[PDB]
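*Asks:* below is the sequence, then the experimental coordinates.
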Amino acid sequence: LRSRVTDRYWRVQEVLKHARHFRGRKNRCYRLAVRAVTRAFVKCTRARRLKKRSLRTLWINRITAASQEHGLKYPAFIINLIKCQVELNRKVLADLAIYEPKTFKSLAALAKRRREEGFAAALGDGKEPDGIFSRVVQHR
Amino acid sequence: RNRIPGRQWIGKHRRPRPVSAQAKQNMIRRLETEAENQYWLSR
Amino acid sequence: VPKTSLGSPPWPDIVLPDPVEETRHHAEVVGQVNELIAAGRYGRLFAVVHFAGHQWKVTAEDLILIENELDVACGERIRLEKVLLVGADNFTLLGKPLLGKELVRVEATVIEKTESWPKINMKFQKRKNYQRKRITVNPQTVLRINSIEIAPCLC
Amino acid sequence: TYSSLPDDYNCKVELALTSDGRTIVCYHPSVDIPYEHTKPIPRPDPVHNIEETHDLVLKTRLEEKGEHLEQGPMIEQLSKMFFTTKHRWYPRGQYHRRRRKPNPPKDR
Amino acid sequence: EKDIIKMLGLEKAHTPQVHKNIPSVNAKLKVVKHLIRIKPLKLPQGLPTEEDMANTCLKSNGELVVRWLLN
Amino acid sequence: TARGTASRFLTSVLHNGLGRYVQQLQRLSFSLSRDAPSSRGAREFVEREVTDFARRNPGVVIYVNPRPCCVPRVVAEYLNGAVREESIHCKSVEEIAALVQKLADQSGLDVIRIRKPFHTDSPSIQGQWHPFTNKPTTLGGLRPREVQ
Amino acid sequence: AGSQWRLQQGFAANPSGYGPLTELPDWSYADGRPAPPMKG
Amino acid sequence: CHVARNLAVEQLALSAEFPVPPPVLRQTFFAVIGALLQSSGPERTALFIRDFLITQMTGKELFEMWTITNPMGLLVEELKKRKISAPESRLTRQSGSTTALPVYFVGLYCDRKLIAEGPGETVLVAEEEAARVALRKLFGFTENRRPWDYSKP
Amino acid sequence: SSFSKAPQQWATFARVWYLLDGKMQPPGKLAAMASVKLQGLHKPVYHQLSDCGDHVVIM
Ligand SMILES: [Mg+2]
Ligand SMILES: [Mg+2]
Ligand SMILES: [Mg+2]
Ligand SMILES: [Mg+2]
């Protein structure tokens, strides 16, 4: 019983269909395409992991730009927005920076007011004075 | 021009990399945590 | 009084208003925004809402794609409860950390309950004869945000 | 009157905290550019190719302007004009011209 | 140290575990005290009864609230 | 691979769900066999759950064709004109039901990489950022080193 | 970031810890009937 | 034709030359509309119209479908109607004037009060855009306007 | 806000010319802001693939 492979055409096409957009003999020759496609998939996974970091870095850079446009630094902006219990991630903050300049300016003003309140509190060292925006609201 | 003989962090002559204030602060924080741990493990 | 380079801090002195006057001004501003909301002088509203682990900035007649399946049928309406932020051309309400359900209401209809494109996940190790190829198909949902209403109940 | 940020650039922020304390409101009316902060529109209209003898030739004297340079000087002029480098204006080969998407997707 | 951390139920990181204050477990906690953070379990509202088991939570400061998110 | 395959943006057919929701599945054609062992699941589905599905979804025309075939198939035709052919070869009745429900919930668009998980028409409420939105105007509109 | 401030105030170091942003149901039907509970 | 081809009216329309040219498709769609009007009520037919034709205006602009030619003329006519004297064009902001790609902002002031502002590559284009923005603000067809009401009255 | 598509795009991606006095100023502290404005890291619409870059004139 001599058994030979008859679907080698499709076995080769299933790999060559992922290399048609390559350059050189990697898009034609099978021996060179199996290696180029495996590296393509490994890079696809590594970049699926790295895309989140790249987009977070882009959002952070855009937030730094939109904050320095208001004369405020990014760490101060972020920490003083957190201290007001405003839980908006960097993606939403960048969306606001791009498409909502008034909302972002109000957020930056709130952050600056909270920073000034914290500075005044740390300078006075008085427990009875409490800022208006420095009040902490518990869960209801 | 300034070569490091042999490997970078193996031989008798290594890279003179110094300790930074960040690492000092991290070690001090870990030490504080461990001191609180050994206090809570006392009684 | 001597004036040197380090005799004074290198930042402008900040003066915060009186707490009583600040509370009065806050009451005035809240009343003004409440009158605006009651009169309905806001044109279009956007809302940052928390849903399915993510935060979405959505407006009326919007489309969003959630990467997981929901326990609803197509064409059904849904009230999104976690609204973090509402905004218009003239005013803006921020939650601490969320808004009130009686204050804002965001509604969205489920359009399409489909599957994502095949995502390839390959692991490979040099000269260890280790390759592993998997294909992921993620179930996804499409939501059309229809309306974002706001009530003048704002103290 | 008090404000964290100056109200001169496009909006007047007024922050407030609700009496309940669980909500922050911010009224930001837009800011219009005052008339004293603008300048009139400059109008430049001059026809020096007009002749008192033949207006039909005067009209062509302003339309017969032509100039042709080589690839090198043309690319240098384009680079000086658009404040870029010379390498962008050089053509590309068939391999790159054939692999451009004919119908790219469009949003909005 | 690996075996002590495994028998202490601390395989997963950043997840709190409740243990006794007896010398038997204090010995192992002293052995691996450089890998763990130890706090006292505070009970501001008492021990959770059988009708409050499903409505409890452990706050970040180390207290175990008995009535968590009522209604 | 995103660079190897095509792509598209998150869109809806005819602004679906905006005014009213319209089921995009137009017709569903099952082609099966009456004696082939591979069409057993399709036969049991046609016996049991095809009438309940037809009653739950009255907007889709269901055709059933018993014919001498070796591979049972289901062809979904959508309102945009898209044709999706799936194979129900050697599948349980529950798998047939799940596949048909997925085909009914789907919108008929191409299953490719969606660029953005969102789609906003005119997201520039209250304005859009330009380099002049946060800069103060000077008295007379004068340049930095311009003398009037 | 800001985890130390949250720890001082009593909330979780991560906003995804037992806060109302994650404990409450994120959606419900338009008629008001409750939604099925979340697996998490 | 887009709405009909997506609602599968072309597949049900009985007509030769299967492409069903735009006139025949319009005839068939509006015949279906008339059949719905004769069967159900005018309120339900109006709801159908609002759900299948007004939705096609989503994301679209006013002038994209109006296609006027003299925005400044139309604006001064509307202002004469509203009892306003005339808008004055003032160059508000500009970045570059000798470069190849300048940008200008032109504002329209009625009684020294800004009513609208528009950007452009040239001063004339900026003035035309400012006129279009003022026209949109006067007519109420703005971007931040109230979205269409899709409900059941 | 209610601009047309092309003028809105132009206004968003327009180039800006900044001036910078360098008299009695450190070259590195000048170059920091110069490079920021050159790359376009001062725009919330910034992206590495976009051509967002402003002109800087240092005197
Ligand atoms: Mg992950
Ligand atoms: Mg060496
Ligand atoms: Mg060495
Ligand atoms: Mg999990």
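*Replies:* Perfect, thanks for sending it. Residues are numbered from 1 along each chain as shown, chains lettered A, B, ... in the order given. Ligands and ions are numbered 1, 2, ... in the order given.

*Asks:* only C-alpha atoms from now on, for both contacts and neighbour counts.
*Replies:* Fine.

*Asks:* show me what contacts residue C:35?
*Replies:* residue C:152 (CA atoms under 8 Å, 6 or more residues apart in numbering or on different chains).

*Asks:* that one: helix or strand, and which one exactly?
*Replies:* Element membership for residue C:35 (DSSP states H and E) is helix C:19-39.

*Asks:* go on, residue A:106?
*Replies:* Secondary structure assignment for residue A:106, by DSSP H and E: helix A:101-124.

*Asks:* which stretches in chain D count as helices?
*Replies:* Assigned by DSSP state H, chain D shows helices spanning D:55-61, D:71-82, D:94-98.

*Asks:* next, count neighbours for whichever residue of chain I sits closest to chain G.
*Replies:* Of all residues in chain I, residue I:44 sits closest to chain G, at 20.7 Å by CA to the nearest CA. Counted by other CA atoms under 10 Å in any protein chain shown, the residues lying close to residue I:44 total 27.

*Asks:* who are the contact partners of it?
*Replies:* Residues counted as contacts of residue I:44 (CA under 8 Å, 6+ apart) are A:61-66, A:94, A:97-98, F:129.

*Asks:* in helices only, show me these.
*Replies:* Where these overlap with helices, as defined by DSSP H, the overlap consists of A:61-66, A:94, A:97-98.

*Asks:* most distant residue from the middle of chain G?
*Replies:* In terms of distance from the mean C-alpha position of chain G, residue G:31 ranks first, at 23.0 Å (CA atoms, centre = their mean).

*Asks:* show me the residue at the heart of chain C, geometrically.
*Replies:* Averaging the C-alpha coordinates of chain C gives a centre point, and the residue nearest to it by CA atoms, centre = their mean is residue C:48 (1.6 Å).

*Asks:* now the phi/psi pair for it, please.
*Replies:* The phi/psi pair for residue C:48 (degrees, to the nearest 10) reads phi -90, psi 120.

*Asks:* which SS class is the residue of chain E at minimum distance from ligand 3?
*Replies:* The nearest approach of chain E to ligand 3 comes at residue E:34, 31.5 Å away (CA to the ion). Classification of residue E:34 by DSSP: H, G, I helix; E, B strand; the rest coil places it in coil.

*Asks:* give me every residue that touches the closest residue to it other than its chain neighbours.
*Replies:* Computed as CA to CA, 6 or more residues apart in numbering or on different chains, the closest residue to residue E:34 that is not its neighbour in sequence is residue B:34, at 6.0 Å. Taking CA under 8 Å, 6+ apart as the definition of contact, the neighbours of residue B:34 are E:33-34, E:37.

*Asks:* may I ask which of those residues has the most neighbours?
*Replies:* So for the contacts of residue B:34 (other CA under 10 Å), the most neighbours sit at residue E:33, 20 neighbours.

*Asks:* separation between that one and residue E:19?
*Replies:* As judged by CA to CA, to the nearest Å, residue E:33 and residue E:19 stand 14 Å apart.

*Asks:* repeat that for residue D:98.
*Replies:* 69 Å.

*Asks:* tell me the secondary structure for residue A:57?
*Replies:* Using three-state DSSP, the secondary structure recorded for residue A:57 is helix.

*Asks:* so residue G:22 sits in a helix?
*Replies:* Yes - for residue G:22, which was evaluated using three-state DSSP, the result is membership in a helix.

*Asks:* name all residues that make contact with the residue nearest in space to the middle of chain I.
*Replies:* Among the residues of chain I, the one closest to the centroid is residue I:54, at 3.2 Å (CA atoms, centre = their mean). Residue I:54 makes contacts with I:15-18, I:37-40, as judged by CA under 8 Å, 6+ apart.

*Asks:* I'd like those residues laid out as CSV, including neighbour count and secondary structure.
*Replies:* What follows is those, written out as CSV (neighbours: other CA atoms under 10 Å in any protein chain shown; DSSP: H, G, I helix; E, B strand; the rest coil):
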residue, neighbour count, secondary structure
I:15, 20, coil
I:16, 18, coil
I:17, 12, strand
I:18, 15, strand
I:37, 20, helix
I:38, 17, helix
I:39, 18, helix
I:40, 22, coil
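
*Asks:* helix, strand or coil for residue F:85?
*Replies:* Taking three-state DSSP, the label given to residue F:85 is strand.

*Asks:* tell me the strands in chain I, going along the chain?
*Replies:* With strands called from DSSP state E, chain I shows them at I:17-20, I:55-58.

*Asks:* who in chain B is up against chain E?
*Replies:* By the criterion of CA under 8 Å from any CA of the partner chain, the positions of chain B lying close to chain E are B:33-34, B:36-38, B:40-41.

*Asks:* picking that back up, show me which of the contacts of residue I:44 neighbour ligand 3.
*Replies:* For ligand 3, no contacts are drawn from those by CA under 5 Å from the ion.

*Asks:* what's the closest of these to residue B:16?
*Replies:* Minimum separation from residue B:16 among the contacts of residue I:44 (CA to CA) is found for residue A:61, which lies at 34.4 Å.

*Asks:* these two touch, right, the closest one and residue I:41?
*Replies:* Yes - at 7.0 Å, residue A:61 and residue I:41 qualify as touching, with contact defined as CA atoms under 8 Å.
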